[PDB]
Amino acid sequence: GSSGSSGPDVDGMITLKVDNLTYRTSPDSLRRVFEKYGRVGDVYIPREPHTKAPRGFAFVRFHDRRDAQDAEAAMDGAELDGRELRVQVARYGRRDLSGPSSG
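Its PDB header attributes the entry to solution NMR.

Per the PDB entry, the protein goes by SRp46 splicing factor and derives from Homo sapiens. Readers searching the PDB will find this entry under the title "Solution structure of RNA binding domain in SRp46 splicing factor".

## Regarding the overall build of the protein
What the protein contains, in helices and strands, is 2 helices and 4 strands. Reading the helices (α) and strands (β) of the protein from amino to carboxyl end gives β-α-β-β-α-β. Across its three principal directions, the C-alpha atoms of the protein cover 50 × 35 × 25 Å. Per-residue burial over the protein gives 21% buried out of 103 residues. A sequence separation of at least 24 residues applies to 56% of the contacts in the protein between residues at least 6 apart. Here the protein displays about 8,200 Å² of accessible surface, and carbon together with sulfur accounts for 44% of that area.

## Section: the pairing of strand 1 (residues 15-19)
With 4 bridges joining them, strand 1 and strand 3 (residues 58-62) adopt antiparallel strand pairing. When the bridges of strand 3 are listed, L16 appears paired with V60. As paired elements, strand 1 and strand 4 (residues 86-89) share 4 bridges and run antiparallel to each other. Residue pairing across strands places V18 opposite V87, the latter belonging to strand 4.

## Comments concerning the pattern of salt bridges
Here the idea is simple: oppositely charged side chains can pair when their charged atoms come close. In this structure the tally under the stated criterion is 3 salt bridges. Two residues, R86 and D19, come together in a salt bridge whose shortest N-O distance is 3.4 Å. Of the two residues, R86 is situated in strand 4 and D19 in strand 1; the sequence distance between them amounts to 67 residues. When its relative accessible area of 46% is taken as the criterion, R86 is described as partly exposed.

## Brief notes about empty space enclosed by the protein
A complete count under the given rule lists 1 cavity of 30 Å³ or more for this structure. Estimates place the volume of the largest cavity at around 60 Å³. Classifying every residue of the lining of the largest cavity gives 5 nonpolar, 3 polar and no charged.

## Some points on the nonpolar core
Ranked by size, the top nonpolar core spans 16 residues in total, and within it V18, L30, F34, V60, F62 and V87 carry the most contacts. At the level of secondary structure, the elements contributing two or more residues to this core comprise strand 1, helix 1 (27-34), strand 3 and helix 2 (67-75). Not counting the four nearest positions on each side in its chain, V18 is found in contact with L30, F34, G56, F57, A58, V60, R86 and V87.

## Some details on unusual backbone geometry
One non-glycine residue, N20, lies in the positive phi region at around 60°. Along the polypeptide, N20 turns up in the loop between strand 1 and helix 1.

What counts, and at which threshold
Residues numbered from 1 in each chain as written, not as in the entry; some residues may be left out. Heavy atoms only, no water. Helix = DSSP H or I, 4+ residues; strand = E, 2+ residues; numbered from the N terminus. Buried < 20%, exposed > 50% of the residue type's maximum accessible area, 1.4 Å probe, protein only. Contact = heavy atoms within 4.5 Å. Areas by Shrake-Rupley, 256 points an atom, 1.4 Å probe, with all protein chains shown as cover. Pairing = 2+ DSSP bridges. Salt bridge = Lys/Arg side-chain N within 4 Å of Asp/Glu carboxyl O. 1 Å grid on protein atoms, 1.4 Å probe; cavity = no way out; pocket = protein on both sides within 12 Å on 5 of 7 lines; lining within 4 Å. Points joined across faces, edges and corners; volume = space filled by probe spheres on them. Nonpolar A, V, L, I, M, F, W, Y, C, P; charged D, E, K, R; others polar. Core = buried A, V, L, I, M, F, W, Y, C linked by side-chain atoms within 4.5 Å.

Structure below.
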């Protein structure tokens, strides 16, 4: 099969990483931070290997590949919580995959 549909399936939605997030932060808030531009498919906040606490960065899924790009630049580089929140895409895990180049 060759990917070419949408709806009842998720190929690989865009993922945005948000660092400099204080404990006070929660799925709701983090969800309202992006929801402003583009709804959030899912919200996850990794924790310490031992302690169940937001290590430091969070994961936010999006629907389109545009909204995310906007919130990324817009947010990243703003004055929040008395600091410069790092709202950008994850470090690793490319959103693309090798395969049929021409087909």
